[PDB]
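*Asks:* Can you look at this? It's an experimental structure, sequence on top.
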Amino acid sequence: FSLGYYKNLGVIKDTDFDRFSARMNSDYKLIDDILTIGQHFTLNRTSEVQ
Amino acid sequence: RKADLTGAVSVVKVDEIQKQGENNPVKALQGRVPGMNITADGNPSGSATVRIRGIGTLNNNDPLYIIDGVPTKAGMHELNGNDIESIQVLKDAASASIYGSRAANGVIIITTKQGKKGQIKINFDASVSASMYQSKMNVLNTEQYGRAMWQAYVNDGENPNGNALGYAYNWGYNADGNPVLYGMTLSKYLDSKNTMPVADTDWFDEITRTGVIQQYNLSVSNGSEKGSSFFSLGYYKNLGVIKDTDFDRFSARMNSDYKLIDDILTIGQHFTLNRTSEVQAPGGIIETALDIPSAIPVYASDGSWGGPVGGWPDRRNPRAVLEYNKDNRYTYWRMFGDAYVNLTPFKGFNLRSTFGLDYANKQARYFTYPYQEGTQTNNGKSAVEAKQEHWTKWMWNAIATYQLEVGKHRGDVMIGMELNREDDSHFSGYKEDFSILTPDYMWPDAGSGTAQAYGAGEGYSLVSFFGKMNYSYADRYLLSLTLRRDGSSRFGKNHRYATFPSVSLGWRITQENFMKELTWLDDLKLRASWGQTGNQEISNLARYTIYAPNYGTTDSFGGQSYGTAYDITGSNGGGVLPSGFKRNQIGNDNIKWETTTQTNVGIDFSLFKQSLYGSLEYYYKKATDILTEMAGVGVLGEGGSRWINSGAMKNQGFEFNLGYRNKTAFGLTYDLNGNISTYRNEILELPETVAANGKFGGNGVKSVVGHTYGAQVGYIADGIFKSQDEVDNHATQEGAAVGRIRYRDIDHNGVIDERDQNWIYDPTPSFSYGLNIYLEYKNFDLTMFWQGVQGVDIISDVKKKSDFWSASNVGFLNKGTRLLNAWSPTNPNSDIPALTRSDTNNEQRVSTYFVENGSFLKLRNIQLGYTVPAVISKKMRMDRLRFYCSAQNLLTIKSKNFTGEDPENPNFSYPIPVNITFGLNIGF
Amino acid sequence: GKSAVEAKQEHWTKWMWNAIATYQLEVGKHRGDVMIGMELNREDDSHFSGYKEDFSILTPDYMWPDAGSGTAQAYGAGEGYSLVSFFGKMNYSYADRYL
Amino acid sequence: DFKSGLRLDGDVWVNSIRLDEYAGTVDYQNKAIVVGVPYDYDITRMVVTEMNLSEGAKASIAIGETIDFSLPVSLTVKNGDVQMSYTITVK
Amino acid sequence: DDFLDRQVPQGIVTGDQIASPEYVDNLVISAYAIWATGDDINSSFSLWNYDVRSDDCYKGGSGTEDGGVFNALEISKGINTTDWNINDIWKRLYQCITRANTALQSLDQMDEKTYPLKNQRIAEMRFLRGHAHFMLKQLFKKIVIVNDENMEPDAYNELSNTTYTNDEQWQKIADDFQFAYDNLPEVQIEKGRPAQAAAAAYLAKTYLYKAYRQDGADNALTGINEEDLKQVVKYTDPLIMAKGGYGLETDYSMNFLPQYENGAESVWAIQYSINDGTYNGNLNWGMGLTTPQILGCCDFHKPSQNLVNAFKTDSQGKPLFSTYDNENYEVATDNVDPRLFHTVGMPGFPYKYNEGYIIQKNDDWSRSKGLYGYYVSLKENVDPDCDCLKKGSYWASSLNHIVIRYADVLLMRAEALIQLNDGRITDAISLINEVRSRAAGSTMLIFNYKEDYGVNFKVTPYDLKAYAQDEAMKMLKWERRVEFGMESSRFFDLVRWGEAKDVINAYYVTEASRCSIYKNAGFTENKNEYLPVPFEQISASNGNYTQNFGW
Ligand SMILES: OC[C@H]1O[C@@](CO)(OC[C@H]2O[C@@](CO)(OC[C@H]3O[C@@](CO)(OC[C@H]4O[C@@](CO)(OC[C@H]5O[C@@](CO[C@]6(CO)O[C@H](CO)[C@@H](O)[C@@H]6O)(OC[C@H]6O[C@](O)(CO)[C@@H](O)[C@@H]6O)[C@@H](O)[C@@H]5O)[C@@H](O)[C@@H]4O)[C@@H](O)[C@@H]3O)[C@@H](O)[C@@H]2O)[C@@H](O)[C@@H]1O
Ligand SMILES: OC[C@H]1O[C@@](CO)(OC[C@H]2O[C@@](CO)(OC[C@H]3O[C@@](CO)(OC[C@H]4O[C@](O)(CO)[C@@H](O)[C@@H]4O)[C@@H](O)[C@@H]3O)[C@@H](O)[C@@H]2O)[C@@H](O)[C@@H]1O
Ligand SMILES: [Mg+2]
Ligand SMILES: [Mg+2]
């Protein structure tokens, strides 16, 4: 499980870019490792003025 | 185990919740919680209305849902309900105050599934069901419609052959002179163009079908000493009984928790992703299907949609309406997440920081295909409407808790700071003049006509500082004190913040030494609580004098758009007209929090070694300074509506929960859960304009103050006139005649007028009860949940068009089948008024005739299941395996005084079907 | 003095389904892996925008299409595509020397 | 379970009629049969010779009836429980 | 702590900001536009819904139950003070007053030299407010005079309708028109704004209504005010209208044809526009219910056989004062005023001068299956191929709604002169003759009717000679009836004259033979000539509003 935040104000005025991110990965082994169920999900939100 | 342990807490059994197999767990718990009313129309979605402890406020009465510590008010039909560990209903202000500042109308805590320590498990559930239409409203066929029209004509004295609807009646007189109808004949085509042949059409059967429901859930959890995790995937689909209406939902939930540094630190998260796609039925589709006469064919001679022609009433084709609405599908994405961090510096101290997020997205595309159904048309209007909506709610929490176990005293002290921010926005584009007229082609770029753009945004913020203190002495005396300082962005700076205290006392009588000999009395607890909670659920722009530049681009029915655009030059438009501003509301800078004071007294008992358990509650709710939207005096004009603290509501209620579980000598395990509750609502104060206009009751005739919320004032129908002597003997009234409704003279003035009205409607049941029976015997489990309501009255709008002829908006509409048994000299033993073509007596007025006994008792759910024996399960290498067949809404009992059907849904809303379900559960 | 607002919305939805069957053999000094697979891809894109004119206050809070009092325009489009694939792979190793 | 059993599926069209020895033209839009006769012909004692209706249809007038056609004559064609009214004009 | 202050209202203007000098023209336009956008199908500012009580027209629709409250009003039986239509019309007229008052309050706080047209805008706002007050006074005898723009919203609860008597309320209404006449320009470049001539004409109308005194609790006429009559004459003097450039149109149908909007006779008119950027245009949605069944639906406001017989004339060109209603009008034998074919569309005749749409006595043209007759109103309707007609769930046209007509001004002057009886009866007869001559000449679109349907047109001016007061009054009443038929003023004229009870009872008795709707109809002497004050409003303003006499 990971949570990330990034923000960058550009050298040019009134231009910027920020990003929130959240990643969740998991894997499950079942029945003497015969079965496996895994997932990798990520959620990102980037707000930008170009 | 109750979270509060000293307040009004109801624990809901999630196993019996999932036994019903409903998309919405809230709808599943329809009658399993005392003092909690769930009303569900029955649409493919699980959308339902929840009222806890009756109506407690004039503004929004929805309860507060808290899923994994994240407060929300959105419905649970749009989330996954098959991954819930526990459901707790907090109905007391003192107990539920600490969970949020929006706990005025009750709180529902939902704890989702988490990986149990030291094991890994998986569960796959499949379910397929068929939903059938049961409350098929009976309407006149072609012959019955002709007979009713002839009866009305001969009763009124006009010539039935002058109906000009293609009916030719062969009729005569009997010995007594009463008209009789020997036979009838019909013209083949309803029009002179020979395009609309006459037919006997079952419109309800045409617009209804057999719906299919399919549910597939796959959950898997894994726990350990260093952490745990859980992952669930769910799919639900429901085709409604009404054609071209459906609702499907995909869901994916991921939960995890991690323990670090000798369990000093903890990091957890609960996230869920949902995608629901729905096509909804058009408004009043059932009403249109009932109204349209059965003589209209579904299809014309050339294959186009059939429609009224000539003198037939102007009602659209319901089948064509559904066919055109089948493309109005909306997609809804829900991102409901939470991340928390917990730190324990030492044994008693805990610091928890929680961040919650609730992002909602809605994308829809509504089409307006040209239609021409006989004389019903929109002049070939083709249009498209692309709409987008965003809801973003984020919550931050900080909780510091300390626990002490000195001597026999247990002391918990908690402080907390919470921030909430909600931002909503929406925008839509509208385009016209399309050519191909298909969903693929209909896009705003492809449009070649007038374009419109709409858009709005709003939001609010909440700040809360709360404190809680719990003290326990000898594990026998319990005291709880909480304080809350709440502020909202909806109020001015002077009245931004408010303070709410709450106190709770509890006494475990069974722990006292003076009844140690009472072995049968396993446990007995007496608790009381007095709490105050705050309400601010009002419009975001409540304290501002709103002036809006309403140009007039919004569609309005009847032309009362109240727009601001005038051709001041006088050139019939041809360009951008000058515009301006209009007042929407008058600001009020003195609005403050609504204060709700709740007093609760409860007794919990457990007898015979936890075999017979139960609880009895009595509650008094008093809401004061209610924020209400009082309208203008009338000469103040538009924008006179304003928010004011001039309300007062009272709710006295009793609740009784009982349960008995025991075994049997030959191996039968029976579990009975009983429930019964009652309440009384009363309005004590109200603004003068509100009382006059009767928005909350009284129909604008008498003030609702001192009466139940929603009570109605109308006339009293004392049977019907059966002879001219009776008509003369009765007090004079306009339109009185033989076979007409007789109205009681309340004031004995000799004339029926406005003053002859009294209180006739009370939407408060005498008591609502529920019963759950669970029988286990030789791997066979039978579950049976009944729900009943007694002493409730309902205003029947269906009676308006099923008991009268020409009492609707327009004449010659289709009516109910029971209209045939109307009073006549040939049919004296009847109570339905005689048919007539003109409402001279004004029978559309509110009266006791339309008030019926809504009491009912329906088998909400039945389910028979067989579990594969454990030895066969282990031989086949999978865990718990179960098959089941269930029926929902299979059987119901209604009072004989109810002329209609389905007392729960006695109006033209969406019907409630009977569900027959077959399902299986596998544990591997 | 042209005052206008442009509210734009775009959606991209791509979903992929995969099915892979793999077998491995370690007979003698020969290592043999055989894999077969079926893949489906579907992409659907859409976008729509509203355009409004003739505003008065000229601030982001006030500038909304409802608050606009001028000519309005609407734009919108949608597209997509689909992919189907059937693939097979075979790996042979002899003496851990020839691949 | 809902149908009234009125037997509304019958057809009431009129294919063609012949008065004496003069066939008539039928317009279904206005339900009008027009029979053209010579100017000196006497139409006060016309005789119906044939009337080809639909299957199962029954008309008010019978084949072989003597009618005075100095004015338009109304005709009703009935099939089961449906009916249609035509007007016959001899010009 | 800016957390609770960061978010602000979106897309709105606050009350403190709405008083800025740059929004005054916007508020003026809002007050103008309420008269075109603030009306409903059941509550139109033309008041045709509430004019069905007269003998001019019935109520259309499927039947009696279609708009049951309006059927109760039409039959004058079973009318309740708790009527949604009555409450709605009260609320809508007071909403118009509220917009005008807001504009006036904004205007009053501006600098004269900074805003040169301040007085003109104030005059226009006072004119609109007075128009709304006049309409309210016509509908309800006792009304609240809201003429204080600088008045707090909290003080509105103390307003009462008995603060001023009937004469005082009429004077308060006329004061606004006096100010408008004083301050308005003689000619307006924008046809939407009223002119000085329009203000003067409407002031003359107010003074004419004030002249017929209704002192006492009952609604009975008490006398005629010579001072008010002289004021009417002074403000209807032809010099004012000559300066304003207003006069009778050369043809009667030019007033209602869309091609001749804002004509000479259009003294003032609500401007309705099409395809002007809104959802469907500022169309006349109040007339939406009056479109014929050939357009698909609605079909309300059907004229009456009594009105057709009134239009019927004799062989000398004068209206039949005593035998007009004995027999129904016959197209082939009876001389008819040409105004009938512009007002009422009879069966067998082109609909709105369109040969492709011939009105027939079948169900395709009457929704009620002959219950309300088959006649179709034509003044408020347009040609189906006009391109000024649009379907916005109700067929509505961009045709302007004329409120004041030069014909109305002339007939008002004639009424004032006749009631004065100071030797100007000859002048009144001259005005009536002018109107009749205009009617006679108005045959530009129906000239072919003589050779197409055998229609005999015969209308002649009255002979100029000495006339008795009662004879002149009867002739004027007949001229008003045949001129403003279907224009929603017959009932108000009857109430003002005081013969409303007798006329309505006679109409009920006469029409009960040919219509079964009037079987139980009955008019009360001192109750049914004014709408009751709404019960909801009376309850809301407790101890402040008094119900009208007889209720
Ligand atoms: O009196 C009942 C309640 O209405 C109140 C509310 O305070 O005031 C009346 C209120 O209603 C308005 C509507 O703006 O006028 C209604 C009034 O107008 C009359 C003439 O006086 O008739 C109007 C003509 O319009 C027609 C259609 O051309 O009828 C409209 C009729 O149909 C409706 C909905 O009807 C139902 C109700 O759900 O839905 C189906 C479909 O009609 C019917 O079976 C039901 O009756 O809408 C018409 C449909 O067209 C659509 O645009 C899409 O198809 C949708 O809008 C609807 O689905 C309603 O608009 C209305 O009921 C035509 O038949 C009539 O001749 C009169 O008949 C009617 O009473 C408004 O002016 C007024 O303010 C209160 O009095 C009271 O509480
Ligand atoms: O105009 C209101 C009137 O129309 C209806 C349906 O025609 O609502 C339309 C508008 O309701 C909105 C605004 O809240 O949302 C409701 C619909 O969206 C759904 C999607 O799941 O619900 C979303 C969200 O809204 C609640 O219903 C209210 O809090 C919550 O229960 C739920 O979580 C869907 O359930 C609703 O149909 C907006 O999206 C529509 O434009 C009627 O609802 C209403 O009477
Ligand atoms: Mg009484
Ligand atoms: Mg115009």
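*Replies:* Structure received. Numbers count the residues shown, from 1 in each chain, chains lettered A, B, ... in the order given. Ligands and ions are numbered 1, 2, ... in the order given.
*Asks:* right, and residue E:277 touches residue B:579 too?
*Replies:* No - with contact defined as CB atoms under 8 Å, residue E:277 does not count as touching residue B:579 (9.2 Å). C-beta coordinates here come from the backbone N, C-alpha and C atoms, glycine included.
*Asks:* any idea how far the residue lying closest to residue E:196 once chain neighbours are set aside is from residue E:190?
*Replies:* Spatial nearest neighbour of residue E:196, chain neighbours left out: residue E:184 (4.3 Å); criterion: CB to CB, 6 or more residues apart in numbering or on different chains. Here the criterion is CB to CB, to the nearest Å. By it, residue E:184 lies 12 Å from residue E:190.
*Asks:* Looking at chain D, which residue is nearest ligand 4?
*Replies:* For chain D, the residue positioned closest to ligand 4 under CB to the ion is residue D:29, at a distance of 39.5 Å.
*Asks:* That residue and residue D:60, how far apart?
*Replies:* 21 Å.
*Asks:* Same check on residue E:305?
*Replies:* In terms of CB to CB, residue E:305 sits 36 Å off from residue D:60.
*Asks:* Who has more neighbours out of those two?
*Replies:* The neighbour count for residue E:305 versus residue D:60, taken as other CB atoms under 10 Å in any protein chain shown, is higher for residue E:305 (19 against 14).
*Asks:* thought that one was touching residue E:328?
*Replies:* Yes - here residue E:305 reaches residue E:328: they are 6.2 Å apart, a contact under CB under 8 Å.
*Asks:* Excluding chain neighbours, give the residue nearest to the spatially most central residue of chain D in space.
*Replies:* Closest to where the C-alpha atoms of chain D average out (CA atoms, centre = their mean) is residue D:75, at 5.3 Å. Leaving out its chain neighbours, the residue that sits closest to residue D:75 by CB to CB, 6+ apart is residue D:86, at 4.7 Å.
*Asks:* Report how many residues lie close to that neighbour.
*Replies:* 23.
*Asks:* what about the residue in chain A positioned nearest to chain D, helix or strand, and which?
*Replies:* The nearest approach of chain A to chain D comes at residue A:37, 50.6 Å away (CB to the nearest CB). In the assignment (DSSP states H and E), residue A:37 maps to strand A:35-49.
*Asks:* Now do the helix or strand encompassing residue E:309: everything it contacts.
*Replies:* Following DSSP H and E, one finds residue E:309 within helix E:305-311. Residues from elsewhere that reach helix E:305-311 (CB atoms under 8 Å, 6 or more residues apart in numbering or on different chains): E:55-57, E:319, E:324-325, E:327-329, E:336-337, E:339-340, E:343-344, E:346, E:373, E:375, E:478, E:481-482, E:485-486, E:507, E:510-511, E:514.
*Asks:* filter these by proximity to chain C?
*Replies:* Among the contacts of helix E:305-311, no residue is within reach of chain C (CB under 8 Å from any CB of the partner chain).
*Asks:* Looking at those, which are in helices?
*Replies:* E:340, E:343, E:478, E:481, E:482, E:507, E:510, E:511 (DSSP state H).
*Asks:* need those residues in TSV with neighbour count, can you?
*Replies:* Below are the ones in helices among the contacts of helix E:305-311 laid out as TSV (neighbours: other CB atoms under 10 Å in any protein chain shown):
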residue	neighbour count
E:340	25
E:343	26
E:478	18
E:481	21
E:482	22
E:507	20
E:510	17
E:511	19
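*Asks:* which two in those are spaced the farthest apart?
*Replies:* Maximum pairwise distance among the ones in helices among the contacts of helix E:305-311 (CB to CB): 19.8 Å, between E:343 and E:510.
*Asks:* Check the spacing between the closest residue to chain A within chain D and residue B:207 real quick.
*Replies:* Distances between chain D and chain A by CB to the nearest CB are smallest at residue D:1, namely 50.6 Å. With distances taken as CB to CB, residue D:1 is found 16 Å from residue B:207.
*Asks:* Compare neighbour counts for the two and give me the winner.
*Replies:* Using other CB under 10 Å, the more surrounded residue of residue D:1 and residue B:207 is residue B:207, with 24 against 5.
*Asks:* For the closest residue to residue E:518 other than its chain neighbours, what are phi and psi?
*Replies:* The spatially closest residue to residue E:518, leaving aside those adjacent along the chain, is residue E:512, at 4.5 Å (CB to CB, 6+ apart). Per-residue torsions, residue E:512: phi -60, psi -20 (degrees, to the nearest 10).
*Asks:* can I assume residue E:512 is in contact with residue E:521?
*Replies:* Yes - with contact defined as CB under 8 Å, residue E:512 and residue E:521 form a contacting pair (7.3 Å).
*Asks:* higher neighbour count, the two?
*Replies:* More crowded of residue E:512 and residue E:521, by other CB under 10 Å: residue E:521, with 19 against 14.
*Asks:* Which positions within the helix or strand where the residue nearest to the centre of chain D lies qualify as buried?
*Replies:* Assigned by DSSP H and E, residue D:75 belongs to strand D:73-79. Neighbour counts using 16 or more other CB atoms under 10 Å in any protein chain shown place D:73, D:75, D:77, D:78, D:79 of strand D:73-79 among the buried residues.
*Asks:* got the contact list for it?
*Replies:* With CB under 8 Å, 6+ apart, strand D:73-79 has contacts from B:185, B:188, D:10-14, D:33, D:53-54, D:56-61, D:67, D:83-89.
*Asks:* So which of the residues you listed sit within strands?
*Replies:* Under the assignment DSSP state E, the contacts of strand D:73-79 contribute B:185, D:14, D:33, D:53, D:58-59, D:67, D:83-89 to strands.
*Asks:* And the furthest pair within these?
*Replies:* Across the ones in strands among the contacts of strand D:73-79 (CB to CB), the longest gap, 24.7 Å, separates B:185 and D:89.
*Asks:* Just want to know which of these two has more residues nearby.
*Replies:* residue B:185 (17 against 14).
*Asks:* Now the more buried one: closest residue in space, sequence neighbours ignored.
*Replies:* Residue B:185 sits nearest to residue B:168 (CB to CB, 6+ apart), 4.7 Å away.
*Asks:* Tell me how far the helix holding residue E:309 lies from the chain's centre.
*Replies:* On the basis of CA atoms, centre = their mean, to the nearest Å, helix E:305-311 sits 20 Å off its chain's mean C-alpha point.
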